[PDB]
Every structure is written in C-alpha cells, then in structure tokens.
Amino acid sequence: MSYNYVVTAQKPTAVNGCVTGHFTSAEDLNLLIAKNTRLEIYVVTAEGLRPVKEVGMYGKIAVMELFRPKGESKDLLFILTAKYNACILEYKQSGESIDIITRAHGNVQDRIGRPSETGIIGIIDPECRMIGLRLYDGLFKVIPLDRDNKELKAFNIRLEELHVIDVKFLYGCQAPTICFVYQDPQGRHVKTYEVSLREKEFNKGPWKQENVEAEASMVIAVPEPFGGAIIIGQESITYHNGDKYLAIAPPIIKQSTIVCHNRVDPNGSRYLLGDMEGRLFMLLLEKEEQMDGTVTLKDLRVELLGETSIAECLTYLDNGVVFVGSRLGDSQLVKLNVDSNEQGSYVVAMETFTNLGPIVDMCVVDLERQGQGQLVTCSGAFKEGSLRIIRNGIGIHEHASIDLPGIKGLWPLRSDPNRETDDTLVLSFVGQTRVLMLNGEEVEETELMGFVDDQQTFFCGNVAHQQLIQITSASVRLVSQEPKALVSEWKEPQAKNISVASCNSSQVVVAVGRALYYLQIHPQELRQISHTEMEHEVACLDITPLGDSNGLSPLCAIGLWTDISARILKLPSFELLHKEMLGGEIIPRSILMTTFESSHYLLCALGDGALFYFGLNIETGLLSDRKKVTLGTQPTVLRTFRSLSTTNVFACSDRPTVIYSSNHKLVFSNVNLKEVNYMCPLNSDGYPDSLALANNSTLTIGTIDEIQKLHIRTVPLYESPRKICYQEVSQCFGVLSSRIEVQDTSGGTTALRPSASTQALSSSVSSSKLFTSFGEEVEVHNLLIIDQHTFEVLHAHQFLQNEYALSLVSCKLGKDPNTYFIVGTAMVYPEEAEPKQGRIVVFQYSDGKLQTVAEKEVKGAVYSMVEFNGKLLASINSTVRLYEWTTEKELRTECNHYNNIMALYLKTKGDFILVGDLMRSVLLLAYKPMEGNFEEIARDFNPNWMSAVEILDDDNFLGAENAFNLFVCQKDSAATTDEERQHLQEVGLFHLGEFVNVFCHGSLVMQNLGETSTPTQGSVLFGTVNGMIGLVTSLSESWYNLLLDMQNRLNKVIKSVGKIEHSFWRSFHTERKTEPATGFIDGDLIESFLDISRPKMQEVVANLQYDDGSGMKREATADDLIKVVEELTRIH
Amino acid sequence: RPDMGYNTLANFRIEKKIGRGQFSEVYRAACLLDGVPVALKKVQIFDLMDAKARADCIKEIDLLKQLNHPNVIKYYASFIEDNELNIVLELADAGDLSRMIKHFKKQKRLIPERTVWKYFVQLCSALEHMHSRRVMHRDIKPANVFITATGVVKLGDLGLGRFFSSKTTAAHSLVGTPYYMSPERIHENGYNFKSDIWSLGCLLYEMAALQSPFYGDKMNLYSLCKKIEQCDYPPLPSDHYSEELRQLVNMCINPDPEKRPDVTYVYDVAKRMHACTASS
Amino acid sequence: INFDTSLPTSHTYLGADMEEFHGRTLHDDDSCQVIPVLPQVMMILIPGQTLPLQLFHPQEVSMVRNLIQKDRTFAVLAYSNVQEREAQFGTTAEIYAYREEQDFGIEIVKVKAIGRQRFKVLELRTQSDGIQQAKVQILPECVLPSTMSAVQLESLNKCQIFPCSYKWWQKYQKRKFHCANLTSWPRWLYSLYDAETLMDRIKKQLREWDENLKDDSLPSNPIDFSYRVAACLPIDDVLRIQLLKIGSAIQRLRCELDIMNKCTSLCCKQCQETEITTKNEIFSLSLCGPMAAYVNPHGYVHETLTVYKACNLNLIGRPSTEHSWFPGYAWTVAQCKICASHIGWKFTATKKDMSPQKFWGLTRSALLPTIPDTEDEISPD
Ligand SMILES: CCN[C@@H]1CC[C@H]2CC[C@@H]1N2c1ccc2c(c1)C(=O)N([C@H]1CCC(=O)NC1=O)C2=O
C-alpha cells in the first residue's frame, strides 16, 4: 500500500578505497576512486587530475586494487562488494564508447559463517596468481587466477587460528607466502604459511612466530630487494625476514595509532604513513648494507611530513602528489615538496573534493528564495565539522543595480576602436533608446552623434569593416567607429516598420511589415542583396552566423505570426529550408541556432511559455527532434553569451531557465533570479566575464554562477556537528557540537585547536546548582547559533561539566509571542551506566544574546523532543512524557506514558505519536484530548538495529534499519478485530545501500502545482554517513504499477558493471534472512532510462499498456515513457 | 497441589484424631508443603443440613476468614472435598484453659488473683475482635481457650460445631452438661451478643472457684434451668478476690441480657485492672 | 559460608544417583512439532536450567517411560493463569537424568530435565488418556551483530581487538564504539545495547550475593548468560513470563538488569504489602546461586531463596531433621504474619562449627518483587 519511490539527489562523496596503476592502457597513470558505489577512474597528468569515466556499481564497494597479470598490457581491477559480489574489471575504449567491461564476476560468499571483527581484507599475489580474502573467521578464501576460472570459483583452506588482524602476501618468494599478525592469550604473534594450489592447503613458512609489540596492527610487505615484512603497531615498528630482525622505537608515533600506509617508491625504499588524526609520517628504509652486491636494511627512520585531512586510503601520484582519501573530512591533493619547511610541514594543499558525509542532522529550509528548499546539513567529524548548504540551481550575483522603468531592450555597444572591451550599453524604452557610457563605474547616459535617440532600440552592437550598427525599429542608421558618422541609412521603401531588427555578424535582415530582406553592413556603406516576402508576417526573425566563416549566416529560421511555425529559409534566397509541425496559437517569441558541444540546436521559445527544443543543419535542411521543455509561462527571449569559452545560452523568463548540456544532452539547471525579461552580456573592463541582468524592476549587472546541478556551500566549524534546527523568526540556526578538550594537570581542560565554539563572537557557560586524570579526553557539548546569510557563529553555549546534549528542537509553545530554543541535556557519568538526571533548558534568541528565560529539572536523560500542537513532548529515559507550556514560563507535566522500550525516536503528526528505540521497537501512540491521557493503537516489535524513523502519512511510517536497508510500516484501518488493529504491518523492503542518520520533510525544487497535481505526494529527504542525500515520495497504485512493471523491463536491456542484477542489489539484507524489495521504486534506475539509446527504447516497451485515460493504448510509442519519466526527474 | 496451597486434601498428611463431635471430627495433622501443625475439622453437610442451611454456614465462615488476631486462632482456609467441608485452623496442642483449672483443683490451691487477670484480658481482646465485626461465638468455655508455654491465650471452636446442631436442641442434654447456657438460649429466644459475655462471666467464675456457677452432683437439666434463671451460685471468696472481680461477674451472669454491659466495658476493665497487679 | 555450594546441584536428597544420558536433542527453528506436556508442572522453566521432577501419578510414570525410549524432550507450559490451564508460550525441555524406584510397591521415577528452546503454542489438545500434546512453533533465537558493525570504517577495524578494571572498562568503550561520531547517538548509549557490557554490570551485582569468581562459573556467551541470570532471579511468575517471550538476548539482559535494579523490596503474593525480604540480604548456597530447585518427598519442588534476615514471619513447629535440604540443618516453619500463607522455613545449624547458623528458606511461589515508593513496575526492553 506504501507504493513508494526512492531517488538519489546527491551521490556519495566519501571514499572507501583508492589505488594507482595503468588501467586504460600501458602508458597511463590512473587514480581509481570509489566513494561508496561511484568508481571514479581518473588519469593523472601534470595539469592535475582528469576525469575519464564513472560507472554504476550495483553494490557497496570495500575492496579495490589494480593488478597486472602476465601476458596483459594494462592493469585490471579487482571489485568485491560488501554483499560479496566479486568481479574483475577491464577498461576498454573503442573510439568514443568508453566501456568498463568485466573479465570475471561471481559471488564468493558461503552458506554459514560469522563475519570477522576486523572486517574484510582483500589482497592479491604480487606474482598475480592468488586472490587472498578473509571473509569469515577460521577460514581463508583463495581463488586461482587463470582463464579457466572466469567465474571466480573458489577453494577454501581451513585456518587453525581464529583471530587474524592484518594479513598480507609477501614479496620475493618462490611460492606465495602470507604474513599476518594475530592476537592470542599468550600475546601478539606474527605467523606465516605457504599457500599452494597443488595440494589445496597450507604449508610451512619461511620463519616462526615472534613475540612483538602488544598493539601490533598491520603488515606492509616490503618489496625486493629487501623482502620480508614490516609490522607497524601503536608503539613501535619491526622488520621480520626470518634471520633478520630490526625494530626502532620512535617517540613521535605515540600520539595515535597508524592506520593508512602507502608506498612512494617502486622498490620500497620509502613508505607513507597516516594515523587516525590525519597527519603524515615518512617511513624510510635504508639499504646501506652491501655484502657482496646484495643490499639489506640498516635502520627504519620515521619522519613527520605534515598534517592532512583525516585519512582513510592514501595513494602516491607521481611528482610528489598524494590523494589523501577521507571519509569524515575533505578529500585532498597535496604536493610533498622536500625543501618547504615553512613552519615544520612538508605538505601544502592543492585540491579539495567536497565531501557530504557524515551527515548527522539536517533541516530543509528556504534561506533566500521563497517556495524553494535549500537543504542545510551538518557534516564532518572531529576537526572537519562543516555545513553542506545544498541548493538546486545556478544563481547570479548582481554587482550592479540601476533602476530602469521596465527595460524593453539592452545590447552592448563599443564606440571605441581597438578596445576589445564593452564600452556602451544602450537601453531601449517603450519609445526611446538611451545610450549609456560604461567603461568603469560610469552609468551616465551619453548619446552619440552617429545614433538617434527618439527610437526603440532593437539592434545596437558592433560589426567589422569599421562600422557600428545601431538598428532601430524605424531604420538602420549605421554609424562609424573613428568618425562615428552615418555612413548609410537603409530606410524602408514604403516607410514601413520592422517588427524586430535581426542581424548577423556581417549582415542585418529585418522583418518590415510582412516581408524579409537582408542588408549587410558593406564597408563604409550599406546595401541589400535580397528581397522577398513570406506567406505570413515574420513575428520572429533570426539570421545569425553559424560556425566557421564568421562573415555570413548559412541558415536562418523564422516564425510566422499567422502560422506559429518555424520557417527556415536561405539568407540570400527565399527557398524554404524546413518547416516544423510543432507550434500553434501563440506565436514563437525567440529563435536561435545553438551550438552546444559543437552540436547544432534550435529551441523555439514561444510567447506563452513553450520552448520547442530542436536541432538544425548548417549545410542544408533541418531536423525536428520533438521535445518541448517548459521554460516558464511568460514571454521570453533567447540571448547567448559565452563568458566561459562555450556557448552558455540562457533564455530569460519569469523564472530564469538556463539551457546547458552536460556532455551532449541539455540539463535545464533552472537559474535563481527574480524575473529575467531580456538578457545582454555586460563584458565591461570592470566587469570581466560578467553580465547585465535586465529585469522589469531594476537593470542589474553581475557575474552568474557556474553551470552546476547542486551548488554546495561549506563553512568550517572545526568541531563535530551533532544536531541542527531551523528557526525562521530569529534568522539563525541552532547546532550541537562536541569539541574534544584535553584533561591536563590544571583542574580544567585546554582546547586542542581553535574551533567554532572557541572562536564564536559570544560564549555563555551554564551555571546550574540544582545537584580528572592527566592526558585524558573529555567531550564538552555546546549549542552554537549561526546566521543563515554569512554562517557566522553568533553564540556558543557551554553546558555543565560532563553534560551530554541529546535532543534539539526549535518551536513556539502554548500561548506565547516568542519562539524558543530548547535543548535537553543528559548528565552521563562513567560510573553510572544509565544516566539518572537529565535536564530541559529553555533558550530564546533575541537582541544578539541567548538566555535561559526558563529551566526544567528532570530525573533521567531526554532522548527526543517534538512539539505536540503547542506543547512539548519530551521522552525522558523510557517514559514518553508530555508537558504544557504555562503562562509562568515553566514546563508542567500533564500526561505520562511508561514504555516497555526506550523512547529514543519521536515523530508526531496531527495528534499521533511515533516511538522507537535503538532496536526497531516501533511504537504508535494516540493522544485523546477528550480524556487528557495517552493511548496505544498498534505495537510492532522486531529485533534489529534502527538508525532513524519518520512518519510518511497518517497510516505510513518509514525508517532506516541495520544492514543498509529501508523499511516502511502501515497500520490497517480495516481491522475487523482489535488484535489486528494492535499491529503495524510492514510493506516496504529496500536495500538503500547506505546508513541514514536523519529524515526531513521538504524538497529542493520550486513547489509547482501543475494544475493536474503531481504523481508524487509528500517530500521527505534523508542524509547519510557518506552524503547520499535522497528522496522518497509516495505514489498512486497505478503510478507504482506502471513504474514497477517497466523497472523490471529496464534491467533486461541495460547492463551493469560486474553483471550484478538489480534484484539482488536492492533486496532486503539481514544477517539471517534476505527478501526481495517490495513497495519501493528506484528512481536512479528509472532516471537512467532517458540516457538509454533509441533502438533499446523500442525493446523496453512492447506490451506496456500505458494510457489509462479511456483506452489502454497498448502501443504507447516511446515518448509516452519520456512523458512520464522526464516528469519524474523534476521532483529533484 | 501447591496451586491451591492449603486448599486440598492431597497436600495434607493426617496423623491421628484429636476430637470427635456429634457432627464434626477434629484432627491434628500437617501439610507436605510446609508441615505447619493445623486443626482439620471434617463434617458431612450432605447428610445433616439442607441446602439453605449451608448458605448461612458458608457466609458465616467467610466472616471468620477476616478474623485475624494473635489472641484468636487464625483461619487458614475452608473448602469442600469428598462431600466434606474441611476447615484448617491454628493447632494449639499445648493444652486448654480447663487443663490448669483441673490441675489447680488436684493441687487444691486457689489460683492467685494476679494470675487470673493476666490472661483474662487477653481473652477479652479476643472476644472484642469478633464482637466488633458482628460475629458471635456461642461456645465460650475454658475447653476452647488454649494457652501455649508463652502464656498467650487463643480462643477456638468459633461455633462451627454449634452451627450444625441448631436442629438438635433437644440433643444437648445427652452429650455433656451445658453449664454455660444463657437465659435467652434455653427459653428459645435466640442467640445474641449478650450470650458470649454471659458465658464469659461463667468462665470467669470457674477460673476463680474452679467450679461452674450452676454445678450440681446428680443434677438434672430442669434443675440447671432453675439455677440459671435465679442466678443462684455460691459467692466468691473476698480474701482471695477483690470486689471488682466479684462485681464484674455479677453483671455478666445476669438473667436479663440488657443489664449485662458491652465487651468494651469489660475489656477496658480488663486492661486497667491487670496493669495494677502487674506492678503489685 | 562454608556450605560447599556444589551440594544442592548434585541433588543428593533424591537418593541414589540417576541414570545419565549423553545425547543432546534439538529442534529446528520455526518448525512445527508435537511435544508431550507434564500435567502437574507449573514452574516457568527458563532454558539452560535443570529441573528435577518426582512423579507419583501412574500416567506421569507411563508418559516418561514412553519418552525414555524416545527423544526425551517435553514441553513446560508457562501458565500465565494457572486456574484454567491457559498457556500462550512454552519451553521445550530435555531429560538427561532419571531413576525408577519401586517404593512401597509402586513405580516412582525421579527425573532431571533441562530446558532447551522457547516456543509458541498454537493449539492445546488433550488426548483420551488425559495427556496433553501441544503444537510447537520454535521461536528463533535472534542473533544480532554489534551495533557498530554497519557504521564502522574498514580502516579502523584493526583496533577492535583488545589485550583497576575501571580504567580498562573506560578503555573498552572508547575503542569499540569510537565510530559513534558518524551516527546521531553517543558512545555510552551504544554500550547499553551491547552484550559484553551488560554482563559486566550483572556480574557486579551477583558478586554481592555470591563469593564465587566470574571467570569459571558465570558464562561468557550472551545467550547462556541471559538464561542463567533469569533462572536464578528471585522473581514471581509474572515478571519471569516477559523474560521468556523476548527473542534477542540483548533485550533480555536489559530487562533483567532492570528487574535486579528496581525490585529492591519484596512482599508476599497474597498481601502485596507485607515486606518479607530484600535483594541485599540474599546470599548464595548453590552453584546455581541462592536459588536452587528442590523437590518435596512427594513430587513437589520448592525453589528456595536463602537470606540472612527475614521479617514478618511467625515461627511454627520444632526443628526436625526429616528431609533437611541443607545437609546438617534442621528448620523451623514460618508463615506470613497477615495472610496466613506459607512463606518459608527458618533453618538452624545443629553443628555450631559449620556456617551459617540461621538462614530462612523461602519458597519462590509466595514472594512478590516490588518497587519502593509508589510507581508501577515497568521493565524496559
Ligand atoms: C513426611 C513427614 N514429614 C514430617 C511430618 C509432616 C510435617 C511435620 C513434620 C514433618 N513435616 C514436614 C512437612 C513438609 C516438609 C518437611 C517436613 C520438610 O522437611 N520440607 C522441606 C522444607 C525443609 C527442608 O529443608 N527440606 C524439605 O524437604 C517440607 O516440605
């Protein structure tokens, strides 16, 4: 009954693996990346990092590595998913079709097994003959590399050792030896084996076990000539080759455990280390020993290089550049100059990949533009706390604002020979045309002698042959550059008037009355070379030069007032190039030939809001390309300015609709402007690459933003973000933060680094009187208040010592005129397992200060706080409690309800209450104001970890649970017996592939009625620990029946990377049971139906029976799907 | 079966027989769940009383269920099994009041005055308990006044035997001599709350003089009625008992029930008087 | 406390040792089974506990004889209301020790039973002979991976194995639940739903009741430690029912850990106000704990809780050795001061050398846990 639909509004941004090799061919330096399911292969070049390809990975990636077998001229790739789907890739490019085809694929999971505690480790044989994977404890999975085993068929070797921390294949061995450090009650020992395929078992290794550091963590198999293996722990590093043994005790590694390692030399003479905190360590090996030409170690010097972002997977790119992969920070790219030593660091940052994860709490809001959501999220962890202010659009920053009484026409003019910069921007009033001098900040209206003033400007610009054409609706009075005299004035022979003055780079063709003629700007003269009339009046005249030549326009497309059709004909003749069937009633408003990505395009923007997007042929003829994407519902105009070395044509309308093609298909990034009527580029000397926003309110000039899908901002906090809530009236945000402070021998705690809490403009410490060792860390929790414009921290509130803040709510309660910031602390002590004295504290932002105008003392710990229709519903410990905000400003408990579970989540709608604990004990309570007490309706219990929950509607409840899954719940109102009425049915199963932390109601698009409503109902968004912001919106029964019956029809044609089916990928995942996904629709797969090729769209639909409007219409062509699928893509 | 606990025969182990009335039999036994000594009272209602008489007997038994006092025999449970109403009480095997009265009679030594009031106040408290809850005894006598080695007095046989004998009034003359007959009972005027104190006065005189107020050798039931109606009993000695001892029994042993005072008057006298000889 | 706590576990009070069985029987999860039911069993049998029975009815002896050649598994219905024989859940129990004695010319068997699996009954049928056969649907023992498994970085996985225990327990949270900065919930909350931390807090209380060491006696498996605590908990029938339905042992430990916390005072079940004993006065006399199931000479158990000081009891009887459950100990019977129910006995040491001198033996079937102050008894999780 749920009938839902899930789409991705933002792909994952935090990486979980990063390698280097020669993937595309022999002579390439690839930098493969995999964030969560986005395998972003690159190519490293001196210019930087050049993207090549991104693929759709149907699975959660955890193991990735480039290995080159023998007989193969380029690196392959090993791909193993968290669902244990294993496939080995092969890059291939055939001219243009970059296809990452797969050599081998298969599943490598076994029936019974307990996944290990140290996770999953996958390593390959340096001779490229073994795949080493440790999936389950006490069992080693190895697969022989050969052409015969294309299915990755596996054989197993029983391990008599349960704990195995880190296992690595060894360098310099006749047979593949593995070296691993593993914990036993005796201690930590490093033991080896000789895995052999002939006997399908293990064998004795090159040496025995060794007693080593009590916190030995990982191995790093040093390559030849040294061989052996190096083992890094929390305290010291060691070398284990058998007879040889070296170990140094470095005092600067003691700060934190070393997690990430990388080899920056093909012979192992150096190594790159990185800890949890994200600082860089240089491990060097010295071959100073030379017995008789053979070299071995002498010392294991360790150096400190610099501080990077908190690192997960390091990688060395040539010329001392490293991609510092991160998960809870910003992925970086740093040059390791060896002579810098500017302050003690050999690290300077070059690049930064914006990372959305980890998202903890977010609020969909409208910062600037009403009616549209600009999602704000809390992202980062520890020192990398930041806010990801996502917005769906490409706005413009107007650097100028001059009031103009409805500017009806603007065009650049350059009355200055040898300038190469805009000088004049002549306007066009209803019956006048003011010419303005604008070199720097000048906005004065200076009229040239070569130009008239009592006319409506329709074409005022610059042409070659030392002639400046200022064409008005009356006549074309061509002016000069140096003398600025009227060389010629081609007037209408019958004193007629041109409806619009159209012109090219070297020719001007106007539409005088019902006839069209071409008048090129001859050198120091003006003449006409053609004269013809059309059947209907030329409402729109468009004669603009095509590519090349730059002296003539091969084709001109026009609109007929009495026909409302695209009339294309030759410029020096009258033979009709082509006629377009699309169009009627309302005449076209503007026509232009667009050359996006060297591809000819022509969108017919009408005066009623219809843009008949189409192509053109420069040589001869024209196409149809039937596609009309609504660029508004108001009169428009198509004006193109480059400003970026590309076409960049934007059609002004009541809403600003921008026409950009991503690679070869137009992506309508609907711009953010008040109301754009006409557009003209202001490329002045003081306005480089800028533009003039000509509106009906005030003529503005400025620089537009980039052509980006979702422009993401970021503001640094330098402390962990916990929660966020939007408060509209106070014009600010509220965020909970936890800066780690070091317990020194002073009785206080010093801040580690300056942060948002430390550097806030105002700080307050709580003074509540209602109720240690050196070197230890203690969290200090804060409420930070940050403005929505500049995101400056305005107040950092310091809680009591050892006080934990769990819940955030912003609302106005009861019958008061001011809204409140209310946070619930929870005093937790290391001795006390479950806290016993929380708190509820009232804040109200006003006059630049945060004050505690009210306070509440409680016995427990508060976990969730919603506003229940004017009254605050705080769930303390495991007793969901109500309140009533009184007139004395003091919370008073009204009703209580003691739960069989721990009231961790609270979601309310109308007069309902949703309660859940950390183990998926979803509870539904109904308030009865006719009695003043709570009640229970249905109570569903299931043992499984639950991340966050949200109510869809009065009947449907949605949550995110363990094992990267999404589920919905629904209570049937037709329960004939109360036993069924006491149960929450489940109908939603879905493997989201992510781990939600928060749900929020809203959308990032302009909320449009659509007259006939929309397929989707509601709009809820969910964040993630990686940043995969998505959207699930309920659907009708027949909408979901169509989409489901064609999503199954998609997968029979579109192929994935690894031949991983969609059924397997999306199916419900639990450690004990798997079930197909039902009651959900994948929007990312559904949106990918557009990019499929045309002849495949014929195989997709053959018996669909799409139409339901009085007739099945089983044919449903192909555009009927594009009618609905394109409609769907507009929700985000 | 522990599910009903004290409420089944299979839980109990019968040892011997300690009593045998006209209709009911009294046993001492224990239970193989706790072993607590008890008083099992088995009667055959199916052969002695009609259906109507059982409702009043059951309802009265329910009143005795709420009777909880250290000076009264505690009521454990009452149930029906094998067509028998089985009632389990607190067993008092240390003896009854009449045992020492005979013992002092054998010693031919008058019981000290201070000793008489020591336990008579305890019996008055027991009499106060069921009189406050509108329950009568009908069988107040030294026979069912038991004392342990601690000196604590309990009052047992709460008229259960006399409830089944209401249809055999003429049979009272063949089994023993009812020396504690009240004037309202012999005249068939019905039993009232003044009959208990009448027996108490006859009990109090017997505790002092070691004889019944209307005792007589070869004395017949007609002669018993004349003495009871005339209240002709030998006077108590004044040298061994004070005036208050003799005055108290005068009101209790009276032909007119209305003249006889309430239990609170007797109990208050019991508390004040006994405290005097405690320090004497 | 020199009682040699192994004695009550050996059940030397039943006579000669029973015949032991080595085979182990288990039913499949969610399977539909048919199992016999003992008509005269009313104990809420927590699996993982051994329950000794003595049978006197010939049908009971006939029933076990049939089961002796069979799988030796029978159900124990946890009657929420015992009067009408209504049962909604149950427990499948195996038999491993039995002994038949021809006492006084009749065949009497004394049998030890071990409970294995909780199950849901769907139909209650009674055969013509009077023996009850129950439809069985085994509840699956849900196993939960750690709450940090799905939100754990694959790089930090090498720090998740570890080598003044307070400083060590502080160092166990900060290195297993370090990834709490990714999710919305704090470090300390995540531990409250972690098995290896709940059993620590339970062991802390148990050491106040027993002088044993946790390493040997108290098990390490969260499933085992969940059933072990529940059986040896001095609780009534109702509080022990909710601990049988719970499927995941992570919930059961939180519920028991709350049962052991709030229920500081105890009262009789026929008074609901007469305090009898507390939780601090409980001390252990068996390897099973202070609680140890003994049977009365006529097939009738008496789970018993030995406490130092107990009140509101009146002493009845004389010290008789008879069948003293505590070897060397006589007893004096006590009953409730108000409701005249049988609370328990007061044992006295006949030998002055041995310890303890006096300890009260209270049957479990007449004690009611009760929160102090005035509030309803609620057990989260
Ligand atoms: C079988 C005859 N018995 C005797 C005649 C009946 C009555 C009175 C004395 C004794 N008796 C008992 C009744 C019930 C029990 C015991 C004795 C007895 O000892 N127990 C328990 C509790 C004490 C203990 O530690 N071990 C037990 O077995 C009973 O349940």
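All residue numbers given for chain A refer to Swiss-Prot; the residues shown span 1-771, 780-1140 in order.
The header says electron microscopy, 3.4 Å.
Every residue gets a Cβ built from N, Cα and C, even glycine.
The C-beta environment of A:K1121 (SUMO2 cross-link), restricted to residues of the same chain at least 6 apart in sequence and closer than 8 Å, consists of A:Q1113, A:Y1114, A:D1115, A:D1128. Annotation comment: Swiss-Prot describes A:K1121 as SUMO2 cross-link, evidence class a large-scale study or a structure entry.
The N-acetylserine annotation in Swiss-Prot covers A:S2, and the record cites a large-scale study or a structure entry as its basis. For A:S2 (N-acetylserine), the same-chain residues 6+ apart in sequence whose C-beta sits under 8 angstroms from its C-beta are A:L960, A:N964, A:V976, A:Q978, A:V995, A:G996, A:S1042, A:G1087, A:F1088.
Long-range C-beta contacts of A:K1067 (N6-acetyllysine), restricted to its own chain and to partners at least six residues apart, with a cutoff below 8 Å, comprise A:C87, A:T102, A:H105. Secondary structure at A:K1067 (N6-acetyllysine), taken from DSSP and collapsed to helix, strand or coil, is coil. The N6-acetyllysine annotation in Swiss-Prot covers A:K1067 and is backed by a large-scale study or a structure entry.
For A:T1125 (phosphothreonine), the same-chain residues that are 6 or more apart in sequence and have a Cβ closer than 8 Å to its Cβ are A:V1109. DSSP gives A:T1125 (phosphothreonine) a coil state; it is part of no helix or strand. Sequence annotations record features per position, and here Swiss-Prot assigns phosphothreonine to A:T1125 based on similarity to another entry.
Here Swiss-Prot flags A:2-768 as region 'Interaction with CDT1'.
Annotation source Swiss-Prot lists region 'WD repeat beta-propeller A' at A:13-356.
Summarising the annotation, Swiss-Prot assigns region 'WD repeat beta-propeller B' to A:392-708.
Spanning 8 unmodelled residues, the distance from A:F771 to A:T780 taken between Cα atoms equals 19 Å.
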